[PDB]
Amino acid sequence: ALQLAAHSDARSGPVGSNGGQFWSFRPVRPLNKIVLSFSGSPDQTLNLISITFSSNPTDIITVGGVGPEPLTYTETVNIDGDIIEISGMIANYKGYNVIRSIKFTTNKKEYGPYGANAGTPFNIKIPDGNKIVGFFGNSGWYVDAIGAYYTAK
């Protein structure tokens, strides 16, 4: 059959630091839900352990959180519209530089930041007219690094 070259989306990032495992999630349908899991409490200090990305039913993935630290606080984000940017803070946690906070911005609403808004700032932006259709990164016990896939609207 004709070998019609298949395409791979452009990427922005990753930011943060190297983690034991590389991960990627780029669903065919829009990303519509994000669940961030923390240890600690919102009245004290939040420690981001894992992130869960989902697209409609069935499509879902959880990165970070393979360690023993119990989860004690979850934040559910229901995305309305197209994500165009994500930002947050990077800092050391129990020995590793990881994503400590995170904020999702769509062309309609703003969600976050969530977590410990302290440390080194990061900002994943894409050219005007594009949208984020996925995420990839490095992770282990925690979320070491994050990057995004993007394509024209």
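Residue numbers run from 1 along the displayed sequence.
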{"property": "Mean C-alpha temperature factor, higher of 48-56 and 116-124", "result": "116-124"}
{"property": "Stretch with the higher entry mean CA B-factor, where the candidates are 104-112 and 27-35", "result": "104-112"}
{"property": "Selection from 129, 16, 140, 134 [criterion: highest C-alpha temperature factor in the record]", "result": "129"}
{"property": "Ranked C-alpha temperature factor of residue 61 among modelled chain residues, by third", "result": "lowest"}
